[PDB]
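We begin with a single chain expressed as structure tokens, specifically the form deposited without its partner chain.
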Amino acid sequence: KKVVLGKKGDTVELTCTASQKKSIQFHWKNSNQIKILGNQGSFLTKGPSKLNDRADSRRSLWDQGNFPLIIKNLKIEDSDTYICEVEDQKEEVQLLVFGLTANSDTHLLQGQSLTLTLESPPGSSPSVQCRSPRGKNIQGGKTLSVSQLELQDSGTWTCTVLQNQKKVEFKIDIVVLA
């Protein structure tokens, strides 16, 4: 339903607003109906799941009817559909996690080729489109390449991943040396 995009290693906050502003009853589960977190009494309980030590919520907001699921240090494998149920309300949020790495290690010399690769959830793939510090916008799919660099691209580029009308943005600084 709602699509949220996140970046590998960053933290996301998936929202859940219900009615009757009050810490009433709710939980978040994943696609296999594994409960990730929910409220016990007025307490937060986290059962044993792959996200146990990386998930959490903001308890102060429960009185206002908000039950966020927060996930930190994202992994492409946290990509999944999550469901929030408050009393008798269900709310599906699909999280997609991507990563953009530069397989060109370090020390880049003029005339060298740059290759980037986008990491993505096996379940769903997008279109990436980067921009050099001075112009040219190379765009591709899971692998991008800039055949030969010129001292002018030394700088900080910006790639764009776009899934659903959503989008994330990575900015890497590349150093071309004479």
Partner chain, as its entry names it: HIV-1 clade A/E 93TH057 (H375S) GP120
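In this text, the rigid core denotes the largest set of C-alpha atoms whose superposition between the two forms falls within 1.5 Å. Shifts are known only where both forms have a C-alpha. Numbering follows the first chain given and starts at 1.
Separately, the form solved in complex with its partner chain exists; it is not shown, and the next lines address it.
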ask   = Does each of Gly111, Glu150 and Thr158 have at least one heavy atom within 4.5 Å of its partner chain in the deposited complex?
value = no
ask   = Does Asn137 reach its partner chain in the deposited complex if we count a contact as any heavy atom within 4.5 Å?
value = no
inquiry  = Would you classify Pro133 as touching its partner chain in the deposited complex, given a 4.5 Å non-hydrogen atom cut-off?
reply    = no
ask   = If we check its partner chain in the deposited complex, which of the residues in 25-41 reach within 4.5 angstroms of it by a non-hydrogen atom?
value = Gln25, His27, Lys29, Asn32, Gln33, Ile34, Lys35, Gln40, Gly41
ask   = Superposing on the core, what residue ranges of at least 3 consecutive positions move by 2 angstroms or more in Cα between the shown form and the other one?
value = 105-107
